[PDB]
Each structure stands twice: as C-alpha cells, then as structure tokens.
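Worksheet: the structure to be examined is printed underneath.
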Amino acid sequence: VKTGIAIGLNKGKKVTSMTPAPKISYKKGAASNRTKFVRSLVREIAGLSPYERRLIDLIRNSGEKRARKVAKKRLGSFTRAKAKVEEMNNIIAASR
Amino acid sequence: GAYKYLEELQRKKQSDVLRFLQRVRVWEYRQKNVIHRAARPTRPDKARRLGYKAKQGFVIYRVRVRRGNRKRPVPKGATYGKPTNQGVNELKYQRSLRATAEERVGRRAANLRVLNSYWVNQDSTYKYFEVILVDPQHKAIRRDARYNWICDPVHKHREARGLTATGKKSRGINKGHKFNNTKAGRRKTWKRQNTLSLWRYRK
Amino acid sequence: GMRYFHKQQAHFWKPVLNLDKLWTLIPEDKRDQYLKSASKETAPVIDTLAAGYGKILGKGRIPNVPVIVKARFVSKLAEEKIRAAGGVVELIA
Amino acid sequence: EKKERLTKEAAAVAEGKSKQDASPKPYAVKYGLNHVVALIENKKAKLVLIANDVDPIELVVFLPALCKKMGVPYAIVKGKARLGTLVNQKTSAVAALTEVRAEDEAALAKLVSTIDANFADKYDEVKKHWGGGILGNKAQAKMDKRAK
Amino acid sequence: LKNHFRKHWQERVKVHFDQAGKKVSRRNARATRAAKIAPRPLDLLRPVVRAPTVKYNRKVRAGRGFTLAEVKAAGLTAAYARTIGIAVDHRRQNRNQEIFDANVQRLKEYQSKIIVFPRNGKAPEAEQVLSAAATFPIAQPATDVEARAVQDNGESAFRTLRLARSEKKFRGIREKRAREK
RNA sequence: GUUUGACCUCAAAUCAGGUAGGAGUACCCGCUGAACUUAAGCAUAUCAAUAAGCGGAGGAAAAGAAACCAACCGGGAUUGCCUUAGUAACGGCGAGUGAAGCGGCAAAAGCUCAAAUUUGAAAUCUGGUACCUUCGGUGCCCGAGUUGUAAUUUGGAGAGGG
RNA sequence: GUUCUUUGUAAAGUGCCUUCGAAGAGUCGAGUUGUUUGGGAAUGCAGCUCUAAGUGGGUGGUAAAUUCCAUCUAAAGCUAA
C-alpha cells in the first residue's frame, strides 16, 4: 500500500484500488490432464536420452553436484539443470 | 487426437526409435534427388500447424542444402585490399539455409507460392527441409477465403524478399529495445535518420 | 566520471521554485485579497506540481501571511521560512 | 444409401409425425485416426485394428501402449488397404468398433479372447527383444564357414 | 562543435516545399471521408487515462480505447460499441476507480447524446457533428479547493523525507541482523 | 491361387485446362560488398553497414494488432513529423560516430489458424457433362479426402453440461 | 424511394451455477567463430557443436548465486490510412 510521498519503500499517490480480473494468458504452459497423460506415455515409449542415462549413473555414483554441473554444460543453464536433476531423482526413486 | 502425441514424440529426437528413423530417412533422401516432390508430409502435425491442409493445391517438396560457411569466390582467395577483411572460410551468409532451400524450391516451382518450410533431418554434409507451397491458380484456393490472400500479387516470392518466418528472423523483425536498428527495415531506418530535414521556415 | 546505461531524463525531472516568487502561481485577481486577508482559518493552497515544479527552495523572503504549499520536495530553509509565516507544507507524490 | 435415407427422412419427418424415428440407430465401424484415439481415453472401443504398414510409423507407434494402458483389446493387422476395403476408402490406417448387435456380441467376445490369447499373451514380451540383426546370405555363409 | 556532414548527405536531403499542398490534400481527404461517412463524426470516442512517467503523471490524457470492464459496466457489448463508434482496448486494465467511473460516465453521456438509425429504413437526417473529441472534451480533475484551513503538526516534511530515504537505504541490513538473531 | 485384384511409390503422353520466365526498376524488400578520402605514414577506425554486382514485387512496398514500453496514480498495433538529442552511449576515449522510452501531432481497424469425437451418419472440395437468368447457379458422373476436407474455438478468451 | 423475397420458428447476443480451459522443438536457450550495432563482462544475424520446460517460458540495458516482484506469451498467419 502506498504512502503518499515521492520516496520511500512504497512511494506514490494513493488511489483507492481495483483487482480487475485474472487474465488467461497468465496461466500459460500450466499442466493439463491431457498433457500429463500424453507426456507420461511418451516417456514410457521413447525412454531416456544418452545424457539422461549418464545423469542417472552419476547421481548414484558421484552425487547430485556432478550431475548439476554436467547438466548445466549439456543444457544451457543452472535453472534448467536443477529441474532436470530433480526429474532424474524422481525417476530413480520411482523405478527403485 | 494423435497430433499431440506426434508433437511430443518428435520432440524426443535422441531416443532410439527416432534416431533409427533418422538414420533410415536420411539415406533415402540422399539416394533421391536434391529437390523432389514428396507425396505427403513426413511430419503432418508440423505441416498442419504451419498451414498445410490435405486438399488440392497444397504441395510438399523435399529439398537438400549443403552445410557450412560461405566462401567468397575470388580467384585464389585473394581479396586485393586491406588485410583486415578476415580469413576467407569464415563467412556466414546472413540468410539461413532454410531460406536458401525455400528460394531454390520456389525457383523450380514458380507457379506455386511458398507458404512455409520445416527441418526434417540433417547430416554432416547436408540439411533436409520440407517446403509447403500453394497453387494460387487452383480454384479451391482462389475460393476458400482463408487462403485466397496468397493469390494476390504482393505475395510473389515471399521467400526471396524475406517474408517467411526464417526471413523475418534473419532480418531481425520483432518488437523491443533489442531490435531498434531493424524493426521497420534496417536500410529504411538508416535512410530515415541519415537524412537532413529542412523546413520552409528553418528551425 | 562513471557511466549510466539507458539514461532517461524523466527520472531526473525536478524543477525548482524559490520562495521569492510563490504567488505568481496564484492569479492576480485573487492575490491582493489573500494578501490583505491574513486569515489563518482560510489560506490559499498552492499546488506546485500542477504548475510544473518538483522542489521548493528558499532564496528569499515572503510576507508573514499563511499559505498551504503542496510539493513533492522541499528544503529545510524553505520549510522554516513558510512555518515562520505560519504555513504548513503538505507532501504529495 | 445416405441419399435414400435423407429423402426418406424428409418424407417421414417434414410431413409425417416423427423426429428421428425414421432412420434407426446405426451400427458401423469407426475408422478415423483422431476419432479412434479419442474413442480411446473414453474407453468406448471394444476392438481396435492397427495397420502394420504406415508411411510415418510414428503415427501409430504410440497406439499399442495406449490401448494397453486404457485396457483395450488391440490387434495389428496386415494391410491398410484391407481396412479401406471394409470402410469404402483406399486406406484407413486404423479401424475400431465400439458397439454391436446382440446377435454378434458373443462372436465379438470370442474374437477378443482369441486375439488376446494369440496376439498379446503370445507377444506380451515384445516390449523388449530387439529385432533386425539379420545378414545377407553371402555374409551368412562367410560367418558359417569361419565358425566351423 | 560537432557537425555530422562527412557522408554523402547531399543525396539524402528532404526539403518540405510540399507542406502547403499536403495540408490542402489532408483537408480534402477529411472532407471526402466526411461525405463518405456522412452522419458520423470521423473520430471514435476515446477514453481518459492517466499518463505514466512521473514527469507527466500529473496530467490526464486521452487514450486508445475503453476497457471491457468499463464497457460491461456501462451496459453494452464490445462489438456493438465498435459499431456505435466507441474505441475498445482489450489490453488496458483498470486499477483506478476514479478513471473507471470517469470513463463510465463518458460512455453514458455518449449513449445519451447519440441517435442510432435502424437497419431497415427511415434514416432521419441528423446534421452531422465532426468532432466527438470536441463534443466530449477531456477534463483535468480538481485536486483541492482554492482556500482551506492551515493545520500544522510539527514533523517537518524535510525530516520525514530524510527518514523515508534512510529506511529505504538501510532496510536490508536490519533484516539480515534480525535473521542472524 | 505359378491365377485374379486392392493399395503404395515412381513415370509417360503434341493427353484436358492453366501457370513462371523478359522489360522497366524514381521509390520498396533482401543478399553481396570495395577503395579514393579523413585520421601522420597507418593494421583498428572513417569514408560505409555507401557505390558497383545479384534476386524479387506494387501503386505504394515493408511493418503491424505486443513473448512491447515501463517502474508511473501506470500506458497500450504499426508507420511518419516536431522534440527527446548532437544527448545516454561507442571510439588509437583521437579523428569522429551516435540511438531509444516519455510528450504534442497526422492517420486510425481490427483479426485468423494448429492444438477438441460430426461419430445418430465428409455434413467439405476440384474437374467433366446437360440446361440456365453465365465474374456464377442447379442437377448428374468420374474423383480428392479419414496419414482429416466443413461447422464450432483462438487466450481479449472459450468449450461441455445445467 | 418503388415493388421482388419474408428468409426463420434458422442463426446470433445476453444472466447465474458446475467441470474444464488442449495454446506452435534441432525451437527457446547456452558455448565458440565471423559480422554488425550507440549497445558498453558482449545489440541483432548467420555457421558449427550441445539442447530443454510446463504454477512453465521470455524481458526487466553490469557479469554470477539465493529470495521476491512487475509485465508479455515466442518458435504459424492476414490486414486500409
């Protein structure tokens, strides 16, 4: 909430408020039941890629840190490496 | 629907089934010619979303393009100027191979208009694209108002002028502070702002 | 010196108005009556932002009449000089 | 048949007293790929036939696993033209059947049991066990002689 | 001290002799559009909106189009509004009740002032007005009255601004201290 | 049945009907790409993202209804003008180069597909042919098409059931 | 204006509840090379290699890690002044 001055943590002039509506191009990419089903089945068919096969071995042997590093290098970024390693951890904990 | 499964499966390119299919189809395409008519799309979902419709007047051409950098065809690699140009095998050809393929296919089929194109396969030597084309003399497309715009004459050699998606990307046409030098045309903006505007009553 | 990438001169828009003028913003019709009527219960409010002024400064003397000044920024001496006459400074955004 | 059904419908409904009672409930095969994949995931299908020969095999590679998961009796049939024959097309690439007359319910059930026992229960292992390690006859003779 | 004339600038020189003729052709185009559009204004009703950019937020200003919430509150639909002569902007969102009510009353006044002809026929003659912008001008809202009672409390706004600045500057340090607690 | 056919793929015809080329190229869309000159001589640099060369269109072209600007009490497709500004910034920090948001204005216009089972009825479409009131309509017959043609839906929303 | 045809009980708009709400991949993105830009620990493009996700993704003009926030919805398309 505003303060009514030109500086500070919450600066600016006070207007009443409105919460107009939730837009539908904000819940984009959210997982639907169809997407979940299709993607689970396609994983069951196609299986693993070679770097994923390496990752599942290296999490068991080497720990998650080497997995995060090599996944950051094979992919682009650490943000994606984290999620890939979490995916592989879940695959391992499920199949095992 | 099956197109969703096709999409999610074609995203998994390094799996065994897809690398097998790749290894077979690349050999087939390499035994065939460089440009050749495809009876049907290898990728119906991709063609469908790019604008193909399984009816008369929609055409698919498979095309092959050599890979690598651009070489300047001066005799004996000599440029006859300042040395700062660069090593000669390190030039990159701002237009993409997809655009090259589109333009060669449109030159072979000049009666058709190039709607779009998409990657199918590649090798060390060659890349492979499927190009979607339209017949504007066909009555089914002269009618059917969703595609009667391709029949107007401002859509001649879209691929040669850079109006397909790869052309827009290679020109750098998008909105933002990043595409400031090329948003309405690089040369247009250059001619606009390297221009001395002088009014009657001088400012 | 140091650098500033993507400088834009709207973050820095902050024109100044010394205390000496401070009644030009009141129209002439109204000015002389408010001067003679040094009423503390009823004083003329001066919006400086609508006039196009961000900060107020204290270069000179005003009379001892009350006045309500609305501004985003002020100086210590300006607030002092207005409070002397018996005017408050209301802050805005 | 559609034309005669339509003229009979117009004759009975437009002038007479009925709405859809003219043409009865029809029973037929379902033959569209998307339509059949949508019939599955609602579990209306009692039988599915999948052509072995399809251009883009990726159109159909997912179908057996999907039928298994949703609990459908599938079969892989030799010939898509053989399906086009029974559905008045040149090709179909699938065929399905979700309901039948009572006269044929028992035949359908026996056929599904036959298909299960002969196709799936015989080939349930096939998700493993790669194929295609065969050689030409000259290379085979070379290997044989080098072995012995 | 910096004159950019090392290029072939003499090729790219535009002199605006065409000023007057362009003005004339613009006027003629407006007249022809008016004849083609005869009973209607040549301008769509635009809303009032508050400008961004602190330099300009004091001012209110004319926008592109009304919101769908404003249109529904007024009590008609977007398509019918676009046919009636109202601009609509699907991407503007309403976070201010003042602006909301202002544009709602704008739409109400427009609806009351206009006269719509039926599709079938009559078409009574109406003596066009050319400027909805002039008919429904933008109004700067009134902040406060001219004169008012003084009320002083003794916190000296200078010190108030200084304390705001200081808490903004030293927020994070105190948070990390209370974390270490 | 070592027969008779269906499909797929690839061909042929002076097959029926159409279509591309070339010219012009002031303006427009891309590609490719110098040096003279100016910097002391000069490799960076500048001349210049220019000239020459190539491909491709129209009466305008291109762009265009946000994977935008912003940090405001928030604005709201694109294009062009005034201004922002010879500024922020770049540079042997030298010669020199060099934008953009905001604001005022001109003109104003919004929309479409894929991804959804019609599944109680491929409802869709080209061509051939006979008539007609012929920039087309009706009927009939080959065909395209279920490896998906119509209606319905496009994120601002929207659909199904009630 | 004046007739011709009322097409249709065929399409469209609107209120409340309920279950849903599919949204584009050798693509985004990252590394390197060349080129370009005012774009500065790298503005755009192209070539080679690597290669994703779905409460996700892009941007937020100082390179990273951590916690938040704001704003849009790409990789398909048409359109007068």
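We did not get these values from a lab; they are worked out from the coordinates using the rules stated. With ideal geometry, Cβ positions are generated from the backbone for all residues, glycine too; neighbour counts draw on all protein chains shown.
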How far is it, in nm, from the label point at E:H4 to the one at C:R83 when both lie 7 Å from their Cα along the line to the Cβ? 5.1
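Going by the alpha-carbon gyration tensor, a ≥ b ≥ c the square roots of its eigenvalues, is chain E rounded (a/c under 1.5) or, if a/c is not under 1.5, prolate (a/b greater than b/c) versus oblate?
Values: a/c = 2.44, a/b = 1.40, b/c = 1.74.
It is oblate, given that a/c is not under 1.5 and a/b is not larger than b/c.
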Going by Cα centres, segment E:118-160 and segment D:17-77 are how many Å apart? 65
I need to check one value: relative contact order of segment B:57-130, counting alpha carbon pairs closer than 8 Å and at least 6 residues apart, in percent. 44
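Hey, with R₀ at 51 Å, roughly what FRET efficiency would D:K25 and D:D124 work out to, going by the Cβ-Cβ distance, to 0.05?
Details: r = 37 Å, r/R0 = 0.72.
It comes out at approximately 0.90.
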Please determine, in degrees from 0 to 90 and to the nearest 10, the orientation of helix C:76-85 with respect to the longest principal axis defined by the Cα atoms of chain C, where the helix direction is its Cα long axis. 10
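Subtracting the Cα-Cα distance from 0.36 nm times the residue separation, let me have the gained length for E:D101 to E:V15 in nm, one decimal.
Values: separation 86, 0.36 × 86 = 30.96 nm, distance 4.77 nm.
In short, 26.2 nm is gained.
For A:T35, what is the net charge nearby, where nearby means another residue's Cβ is under 10 Å from its Cβ and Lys, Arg count +1, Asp, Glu -1? Write down the numbers at each step before the final one.
Details: positive: A:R34, A:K36, A:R39, B:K4; negative: B:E8.
Local net charge: +3.
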Could you pull out the pairs from A:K14/E:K168; A:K11/C:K14; B:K4/D:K127; B:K46/D:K69; C:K40/E:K59; A:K23/C:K7 whose alpha carbons sit more than 25 Å apart here? B:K46/D:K69; C:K40/E:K59; A:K23/C:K7
Once Rh is set to the Kirkwood radius over Cα pairs, what Stokes-Einstein translational diffusion coefficient, in µm²/s, holds for segment A:15-96 at a temperature of 37 °C and a viscosity of 0.692 mPa s? 215
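Can you tell me the relative contact order of segment A:15-92? Whole percent, Cα pairs under 8 Å, sequence separation 6 or more. Kindly include the intermediate steps, with their values, before the conclusion.
On the way: 32 pairs, mean separation 16.4, N = 78.
The normalised contact order for segment A:15-92 reaches 21 percent.
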Reachable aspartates and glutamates, given that their alpha-carbon falls under 12 Å from the alpha-carbon of D:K43 and they are not under 8 places away in the same chain: D:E99
If I take the Cα coordinates of segment D:71-148 and project them onto the principal axes, what are the three extents in Å, biggest first? 63, 31, 18
Would you mind telling me which residue in D:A51, D:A93, D:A107 has the biggest mean-square fluctuation in a Gaussian network model of chain D, where springs connect alpha carbons within a distance under 10 angstrom? D:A107
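Suppose we keep just the DSSP beta bridges with both residues in the protein assembly as shown; what percent of those would be antiparallel, to 5? Let's see the in-between values first.
Numbers: 31 of 51 bridges.
That works out to approximately 60 percent antiparallel.
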Residues listed by number, segment B:21-54, amide nitrogen under 19 Å from B:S124 label point at 7 Å toward C-beta: B:22-31
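Could you list, in their original order, any pairs among A:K82/E:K169; A:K27/B:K127; D:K78/D:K128 whose Cα atoms are separated by more than 28 Å?
On the way: A:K82/E:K169 34 Å; A:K27/B:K127 37 Å; D:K78/D:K128 22 Å.
Table pairs above 28 Å Cα-Cα are A:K82/E:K169; A:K27/B:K127.
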Quick one: grab the alpha carbon gyration tensor of segment B:69-203, order the square roots of its eigenvalues as a ≥ b ≥ c, and give me rounded if a/c is under 1.5, else prolate or oblate depending on whether a/b is larger than b/c. oblate
Give me the one-decimal nm value for the distance between modelled label points at E:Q93 and E:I37, 7 Å along each residue's Cα-to-Cβ direction. 3.2
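Given an 8 Å cut-off on Cα distances and at least 6 residues of separation, report the relative contact order of chain E as a percent. Write down the numbers at each step before the final one.
Values: 130 pairs, mean separation 39.3, N = 181.
After rounding, I find 22 percent.
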Restricting the calculation to Cα positions, tell me the Rg (one decimal) and the Dmax (whole number) of chain C in Å. 15.3, 53
Counting only other residues whose beta carbon sits under 15 Å from that of D:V87, what net charge do I get with K and R as +1, D and E as -1? +4
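Estimate the FRET efficiency between D:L135 and B:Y3 by the formula 1/(1 + (r/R0)^6), using the beta-carbon distance for r and 56 Å for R0, to the nearest 0.05. Kindly include the intermediate steps, with their values, before the conclusion.
Details: r = 39 Å, r/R0 = 0.69.
After rounding to 0.05, the efficiency reads 0.90.
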Kirkwood hydrodynamic radius (C-alpha pairs) into Stokes-Einstein, the protein assembly as shown, 10 °C and 1.306 mPa s, D in µm²/s: 44
Here, chymotrypsin sites (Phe, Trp or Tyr not before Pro) of segment A:1-55 satisfying both criteria (DSSP loop; at most 13 other Cβ within 10 Å) are A:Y26
The answer for the longest stretch of chain D without any exposed chymotrypsin sites (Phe, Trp or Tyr not before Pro) (DSSP loop, at most 15 further Cβ atoms within 10 Å) is D:28-129
Say each of B:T195 and E:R165 gets a label point 7 Å from the Cα, pointing the same way as Cα to Cβ; how far apart are those two points in nm? 4.7
What does the charge add up to near E:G63, with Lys and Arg as +1, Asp and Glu as -1, over the other residues with Cβ less than 10 Å from its Cβ? +4
